[PDB]
RNA sequence: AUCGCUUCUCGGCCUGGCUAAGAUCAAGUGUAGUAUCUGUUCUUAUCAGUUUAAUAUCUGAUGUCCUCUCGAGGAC
Ligand SMILES: [Zn+2]
Ligand SMILES: [Zn+2]
Ligand SMILES: [Zn+2]
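Laid out in structure tokens, this is it:
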């Protein structure tokens, strides 16, 4: 699982704020947080493709305790 | 390929990135100080 | 007639400075010796790019200008925009009518406000280093967002005072496997404001 | 205002004095500016002596005024570069 | 006398905007093109 | 009495005696 | 200046973009 | 209650005189240089020569012995 699907947040903790939290705790190589063609907004529930599978597990364990945009962030292995 | 440098034993640095061969691991962090 | 990248790594003290094509030069040892100093600059990569230097943006639009703070404090933009909009609402008949019969008052605020904006309110800008190379990017990589350090939004929305809610998890994991050189102050490395580590 | 062709002499300036016509009067001989004309122009050769006597060291009119280097060119000291009188080639 | 495609699109847009009877108004838009030339090129 | 809106523009049979005369002209 | 996002095509004149209507080939390429 | 018809209702639903069309009109360079659309684009096979920072560019040939009527078989 190279990507950690990080969610449990809001639009304030977007893909870029998830990249900032990746620069804090465990880094994300890419972000897969796409949106619809009518909305076009990052909900923050996206697959942060981390540096490795161990980096995605570190996002799933250590970085999945933030109160990201008021809600508790939860990342899972993807 | 990062697992490739893990098998090399050199850390994932710019000097390990500059080499594409297996023999570049002899100039690792445990070569000079 | 030339040595490989491993032989250049053995010969030179900076194996990362040995490029892929710089060993194909006539004097690669002299090129590496010139590039090994701390006051050297790289070649801009348009020699390797088919796309020309700052030509292939082609699908974006940008804001034109942001005035400095002393110019905005004098405020030439407001009556300049008012004069431009009045000229736009003018007809061309009114344009040469005002040409043959002009009127007073272009701006005419004062002189020492602009004088103090140029001299007393003058602020020195953030000039970059001697070795900065500008390219198609070179204005966006400002994160070096320190590793092991959170953000101001993460400090504000998660209620972290200047104590993150993932600080115990970060201290229990120790150094993360993504960034083993990251320092996390307050939980792992016993840090002001947003940047709570290095 | 310059051309890629028409080099002048690239020969070291001597006692023959430069001379400007009216059609391009007041400009610098190098950068064609008008700011602080400081240094007299010497044209190194028979560029003054002989057939081109009292003539323009630029385009070719009847030379009436002393050609001057400007202070912007003498900041980098381009006055020692030589003859600026155009020889057509 | 020549007829560029830009001039043809300008003439078509000026006809669809200004109707068919207005021709000096169209010839004001079309540079170096008289109203008779515009009418002949259209019809 | 439905009135369509007015749209402003500002804001064929030919006799065969022609053919008979032309054929007689050719002859 | 004028930009054609369906082609990524620059236009100095508006008639260049008006004639740029190949355009449909790169539009169908970007539709895929 | 239902349905039909009738009207009203509030919200997105089409929507400017005459006179001779009132009348009249409207002008460009040489210098080089560059950009933009637009016109053409680029897969058969490896090899070396040439070429280049390298690709591209770039000159040549693109499974073999035999039998069977570009196909198939046999000690290879
Ligand atoms: Zn000068
Ligand atoms: Zn002259
Ligand atoms: Zn001379």
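Chains as they are written, first to last, in the entry's author numbering: chain F, 12 to 89; chain J, 431 to 463; chain E, 458 to 601, 604 to 621, 629 to 656, 682 to 689; chain D, 3 to 91; chain P, 9 to 51; chain Y, 245 to 255, 282 to 297; chain I, 53 to 73, 77 to 87.
Each residue gets a CB set at the ideal place from its N, CA and C atoms; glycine is no exception.
Under 7 Å from the C-beta of residue i: neighbouring residues of chain E
| i | result |
| --- | --- |
| residue 71/F | Within 7 Å Cβ-Cβ: nothing; residue 71/F doesn't reach chain E, min ~11 Å. |
| residue 80/F | 616 |
Residue i versus residue j: straight-line alpha-carbon distance, rounded
| i | j | result |
| --- | --- | --- |
| residue 54/F | residue 21/F | 6 Å |
| residue 552/E | residue 610/E | 55 Å |
| residue 22/D | residue 65/D | 5 Å |
| residue 549/E | residue 47/P | 28 Å |
| residue 1/F | residue 597/E | Absent from the structure is residue 1/F, since the part of chain F shown begins at 12 and ends at 89. |
| residue 11/P | residue 542/E | 37 Å |
| residue 490/E | residue 568/E | 56 Å |
| residue 291/Y | residue 297/Y | 10 Å |
| residue 252/Y | residue 32/P | 18 Å |
| residue 537/E | residue 565/E | 12 Å |
| residue 7/P | residue 509/E | In this structure chain P extends from 9 to 51, so residue 7/P is not present and cannot be described. |
| residue 83/F | residue 605/E | 23 Å |
| residue 86/I | residue 519/E | 26 Å |
| residue 63/I | residue 31/D | 40 Å |
| residue 647/E | residue 579/E | 41 Å |
| residue 588/E | residue 67/I | 44 Å |
| residue 42/P | residue 54/I | 29 Å |
| residue 295/Y | residue 45/P | 38 Å |
| residue 461/E | residue 480/E | 7 Å |
| residue 463/E | residue 458/J | 12 Å |
| residue 527/E | residue 574/E | 5 Å |
| residue 437/J | residue 445/J | 16 Å |
Terminal residues of the alpha helix (DSSP H) in which residue i lies
| i | result |
| --- | --- |
| residue 11/D | From DSSP, residue 11/D is part of no alpha helix (DSSP H); its letter is neither H nor E. |
| residue 49/P | 43-50 |
| residue 88/F | From DSSP, residue 88/F is part of no alpha helix (DSSP H) but of the beta strand (DSSP E) over 85-88. |
| residue 59/F | Run containing residue 59/F: none in the alpha helix (DSSP H); it sits in the beta strand (DSSP E), 57-61. |
| residue 69/I | 66-71 |
Within chain E, the residues that residue i reaches when beta carbons sit closer than 8 Å
| i | result |
| --- | --- |
| residue 61/F | 644 |
| residue 31/F | 604, 609, 610, 612, 613 |
| residue 57/I | 516 |
Proximal chain Y residues relative to residue i, where beta-carbon distance stays under 8 Å
| i | result |
| --- | --- |
| residue 28/P | 253 |
Residue i: first and last residue of the uninterrupted beta strand (DSSP E) it sits in
| i | result |
| --- | --- |
| residue 70/D | 70-72 |
| residue 41/F | 39-43 |
| residue 63/I | 61-63 |
| residue 14/F | 14-18 |
| residue 39/D | 39-42 |
Closer than 7 Å at the beta carbon, the chain F residues around residue i
| i | result |
| --- | --- |
| residue 636/E | 36, 73 |
What residues in the segment 503-522 of chain E bring their beta carbon closer than 7 Å to a beta carbon of chain I?
515, 516
Compile a chain-ordered list of the residues in the segment 467-479 of chain E whose CB is closer than 9 Å to at least one CB of chain F.
none
Along the segment 478-500 of chain E, what residues have a CB closer than 7 Å to any CB found in chain J?
none
For ligand 2, which residues count as neighbours when the test is a C-beta closer than 7 Å to any heavy atom?
22/D, 23/D, 25/D, 26/D, 58/D, 60/D, 61/D, 62/D, 63/D
Interfacial residues, the segment 33-48 of chain F to chain E, with Cβ spacing under 7 Å:
34, 35, 36, 37, 38
Relative to chain P, which residues along the segment 59-70 of chain I have a C-beta separation below 9 Å, given in chain order?
65, 66, 67, 68, 70
Chain J contacts made by the segment 562-575 of chain E, where a contact means CB separation under 9 Å
none
So if I threshold CB-CB distances at 7 Å, which residues from the segment 524-540 of chain E count as touching chain J?
none
Going along the chain, which residues of the segment 442-457 of chain J sit with their C-beta nearer than 8 Å to a C-beta in chain E?
443, 444, 445, 447, 448, 449, 450, 451, 453, 454, 457
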